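Below: one protein chain in two forms, given as structure tokens, structure 1 then structure 2.
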Structure 1
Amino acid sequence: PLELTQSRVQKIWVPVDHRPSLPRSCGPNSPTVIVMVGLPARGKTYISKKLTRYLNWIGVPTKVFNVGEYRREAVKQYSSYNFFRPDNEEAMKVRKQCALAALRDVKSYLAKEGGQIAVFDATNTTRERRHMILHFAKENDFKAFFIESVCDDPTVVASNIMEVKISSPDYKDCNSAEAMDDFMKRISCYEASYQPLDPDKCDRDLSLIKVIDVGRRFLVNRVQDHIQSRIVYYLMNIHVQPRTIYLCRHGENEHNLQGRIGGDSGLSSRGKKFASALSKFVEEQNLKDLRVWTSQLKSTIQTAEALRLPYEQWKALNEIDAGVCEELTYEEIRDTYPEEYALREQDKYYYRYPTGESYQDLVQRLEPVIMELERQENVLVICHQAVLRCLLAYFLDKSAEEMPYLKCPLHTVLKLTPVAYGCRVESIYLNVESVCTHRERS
């Protein structure tokens, strides 16, 4: 009666499954199609890629289906905006076939591949196209959530999104000025038939968000569930202003010298030298209003103390909890807990230390850190190896499987700069020796 067993890897209590003579599998919430809406150069691909990066990182399987990519596959080389003319009978047919092909892949992804969210990245500017997408969702038992981006021409031009748009393989054999001229003519092709979302009348029953003038205003209609509410919250926190994110670990500590994990030890003499070298590096960057964040552990706070700048301590930035393995060396873990050591090496992301955490737990703890990092401008985060791997996996779009093996050395600053649809990463080693704490996969 109420007999449970603790799963070996994740440490989850589950009922003892004394399967009968013929074990049976019950193989395998409703998936959602996010429908992007709007004229070209309205940041729909930027939104698609950002939302997908956030949703995968929090653990919701998401994939983007870009109709232009299907088009590039079906039509060898792009010559001009003439392909997008509303009187181009042949190209109109090809473009519709590409949208139907992408939708066939959306169905396979959500109904058969274990996908939870499909982002349908296309203009979807007419009521006819959107009615067709709603029919596809209704017949497959998928929810539909529309994200429209509306922006006037001067704001689009000032935003510099068209420089990202003309970097497409469509403009491989073009100079910047002619690609820009062609893209402008392409936008004009969509203007006459564009029917914006109308929540007052025709679209009153649809779940949607209109992002107006690069986030200056939002219209939200019929939020149905938690993921729609969360997406709205995420869209209100992100921004396109230029800034820099700096990520580093605390300076080398006394536990690092002994090869000991966790704990709350202080900086070693080298760790103190790195903290000084970090202050000099920060001064040389000459940043406007740098925000500095640390964990609540001693080594990060001593590192921030050398900067002579205000800083905020976050408990969410504390290093992964090793539970019963806290303050042990990896050799002491292998000898005292050999089964635990082998299970972690085999499933490092999902493995939970006894009475401790997994990288999967770290992601959940770190989500408010990520949300606040999106809102901020210049930020320096002084943290710890496993925490840093998690944050870096979010910015660099790394999977759960690669996250626990990302290289984050001591005394090295990782400088992140927002470029196109992601981050440029520059590594800056501050020339202070330390031990190596990186352990490659077995």
Structure 2
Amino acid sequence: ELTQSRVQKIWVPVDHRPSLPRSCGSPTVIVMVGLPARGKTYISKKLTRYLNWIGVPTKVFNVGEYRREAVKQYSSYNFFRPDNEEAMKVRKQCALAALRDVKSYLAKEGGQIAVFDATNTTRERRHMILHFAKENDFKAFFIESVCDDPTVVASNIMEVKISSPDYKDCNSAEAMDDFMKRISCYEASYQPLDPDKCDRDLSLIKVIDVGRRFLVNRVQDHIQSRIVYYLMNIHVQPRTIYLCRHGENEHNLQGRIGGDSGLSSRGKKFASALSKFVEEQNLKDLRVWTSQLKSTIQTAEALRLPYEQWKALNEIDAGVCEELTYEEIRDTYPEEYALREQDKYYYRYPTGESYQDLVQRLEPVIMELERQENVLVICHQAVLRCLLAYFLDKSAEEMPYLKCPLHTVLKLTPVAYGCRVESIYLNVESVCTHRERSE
């Protein structure tokens, strides 16, 4: 005898708890390794953003931030000299303090992956972190980022270093000059991971030649396997992603959800405007993805560009609620209506989906977007929120409420360690969002 949970709709055995109900109440440390300005922090933040979005709780422990709080105002690379005994001691205390927080996150706060982001360039420091992992029952996975192209190091410095709080009192050439001296502090004592000898037994990936060569050693589980796959499909060349919904469609005009209706006459004006907009972006090659529902495909046909249909991009399935208006939902399914409002990410429609299901189904879209250059994705409201949450690092709880009005393009471009979003409304009227009607 089983019962279906109210919110997620999962069949679970009836828990006829005895009259004294009893209640029951292996984590990984990813260790970044590498010289400064090699992308460690960029990898840490973007990996975490991916892991959290697919539902693995992950947190970055950036030792550099523990050092910023402990010292206040960075003045120069002198702080990083190997002969600076006081600073060496502060640096090691910053690392140990970050490790206490790692311990707490993984063993007490429900975290599953802690990304320990520091140079970690000596065997002796990595040996200590492994002792920490062994003593707490954490697994350890090392990601070493290796970069021997001065062009790329210089560009990293310009993109994320010179504008750091460290270089507050500094202009660009002097910041750049200081950082280069900082880097050279680490060179004498740097000991790269060596999987053929001393590091034979560590689980690790070395990212080399600007994400071009990988060495992967002893992947241990499912999550490490996903990490490596991810790291092997990201790249740093700047590009643009555009996201929008299909033009207004006939179910939009009747306030009916889901279905597979066609563009209204304003939806087709949007589709023309979108065509005009794409042309003035003036982009080299632009890939166009749609879902398999009619109104996104009509919208792409207005563009006269080749496009590709993905069933993974189709709107969230409303199950028994498909093609009902919001009032017919409230009046036939008051219980269901109210539960959804209470827990909108986890809620699943009967015989339908939740935002949480959407996430799993969009995972290959996200993986392929990482591999692309310029792409325009024409999709649907919930799909769009779910993709936007991944690029803007929004949590599960905020994802179902992100603003995505009709006839509005979202333009995502890389800056610093993330995505900037610009909204471009294409000046064609539509019925409003459901949120705006309510208030």
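So that the term is clear: the rigid core is the largest set of C-alpha atoms that superpose within 1.5 Å between two forms. Start at 1 and count along the sequence of structure 1; that gives the residue numbers used here.
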item: Residue showing a 2 Å-or-more C-alpha displacement between the two structures once the rigid core is overlaid, selected from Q346, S108, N160, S276; value: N160
item: Per-residue CA shift, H255 (Å; core superposed between the two structures); value: 0.3
item: Rigid core superposed, the C-alpha shift at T437 between the two structures in Å; value: 2.4
